[PDB]
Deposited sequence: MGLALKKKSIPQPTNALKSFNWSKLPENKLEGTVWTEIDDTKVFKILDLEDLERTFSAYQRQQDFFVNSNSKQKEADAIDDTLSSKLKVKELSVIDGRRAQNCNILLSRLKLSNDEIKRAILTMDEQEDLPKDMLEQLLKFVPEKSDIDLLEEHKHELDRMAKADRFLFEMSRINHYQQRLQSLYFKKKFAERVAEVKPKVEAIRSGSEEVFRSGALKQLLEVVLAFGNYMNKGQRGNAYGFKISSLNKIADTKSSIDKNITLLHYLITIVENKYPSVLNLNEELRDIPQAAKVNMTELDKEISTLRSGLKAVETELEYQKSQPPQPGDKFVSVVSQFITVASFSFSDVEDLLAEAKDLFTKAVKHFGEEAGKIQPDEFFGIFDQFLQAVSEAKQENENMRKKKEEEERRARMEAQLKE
């Protein structure tokens, strides 16, 4: 609309040609751009149109597998589509039937649907392929497919829903343990006595130790935990403060022994990445909304033979919508308990994620584990060294 775009002389091809496949610029977005100085009209007064037409005919010789043939779609898309079709091994008819039955015969695997979703007939294609409904007869395999599917109502959404349906158990399954691992982790850390008593003794150490103005501390960043081994003994450069804390704590604070047990879910919580997790959550949320929307639309259409969408989907959403309402419940719970634990140990508001937060304790729990072992080794090497001393003396 508007006098500006007063284009005019459109010399168009007497016969069908192959298509270009550009991305047109809307009339509106055209102001103050190069296109204000470009007029394709000027070119036509010089172009050898007849040449062009025979050079890029829509009809061509039997472009053999991966007597004229009609091919409009560009070679790029055309090829990837044929590669897809070949792995798929289903006639257009079978495919159509499958997406209209939400694949009751289970002919469309998850990996394929994902692929199908990559080559859906866009607005442009339908328009370009319309001028040939009369001869879909011998119409390039690729070209034929895009049309056949484009003739299915809401094919895009029909697919996306079928894919989402197929990939819902998995997605929900892989999210529950993650959210639980944070729930469980947040709690354990919050109520472990072994951990609490551990910190108490460490604080004493640090206060008696680095005296001066470096002490008189009432608490320290949990990370400090992983710097305890940094302090080396003066008797033996291998006996680290952590080794010490461990030996004395075991002999004056036996309850601490149950540290790993009251922190059993720490490791499988140090791996959970809140960011990533939030994604998987949205994928499921938005995905659901899409399905519901498509279900509603579908419900407002007259029934049909073989179109078991509404049937199948209404059943899905029921089950799905419930199970997810659940995931989202536990999630908020878990996230709630996390920030609680976070603040509980001095860490700033929402500035640390579980993989790191729990990372901190997970690393310490290792450090502790291997030092506790290094400690036994020295306890044995010291005992054998003492049975020698005894007998070596006894003998002489």
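Residues of the deposited sequence lacking C-alpha coordinates, numbered from 1, fall in the stretches 67-88, 419.
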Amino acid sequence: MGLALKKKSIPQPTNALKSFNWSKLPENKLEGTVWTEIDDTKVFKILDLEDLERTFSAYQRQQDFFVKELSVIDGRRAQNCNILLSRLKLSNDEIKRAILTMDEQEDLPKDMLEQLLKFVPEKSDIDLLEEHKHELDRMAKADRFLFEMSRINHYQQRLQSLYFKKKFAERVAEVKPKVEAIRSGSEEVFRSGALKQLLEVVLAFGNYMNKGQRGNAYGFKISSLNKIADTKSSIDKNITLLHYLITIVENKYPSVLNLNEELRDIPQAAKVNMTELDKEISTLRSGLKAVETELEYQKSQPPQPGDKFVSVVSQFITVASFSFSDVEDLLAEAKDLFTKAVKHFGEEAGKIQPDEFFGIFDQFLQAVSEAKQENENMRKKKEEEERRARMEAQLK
From here on, numbers count along this sequence of modelled residues.
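The stretch with the higher mean CA B factor, choosing between 336-344 and 40-48, is 40-48. For the segment pair 200-208 and 78-86, the entry gives 78-86 the higher mean B-factor, averaged over Cα atoms. Of the candidates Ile246, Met112, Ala140, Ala229, it is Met112 whose Cα B-factor is highest according to the PDB record. As recorded in the PDB entry, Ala349 shows the highest C-alpha B-factor of the residues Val327, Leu70, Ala349, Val34. Among the modelled residues of the chain, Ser23 sits in the lowest third by CA temperature factor in this PDB entry.
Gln62: CA B factor lies in the highest third for its chain, per the PDB record. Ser223: CA B factor in the lowest third of modelled residues in this chain (values from the PDB entry). In the PDB entry, a CA B factor belonging to the lowest third of its chain's modelled residues is recorded for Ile317.
The PDB entry assigns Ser124 a C-alpha temperature factor belonging to the highest third of its chain's modelled residues.
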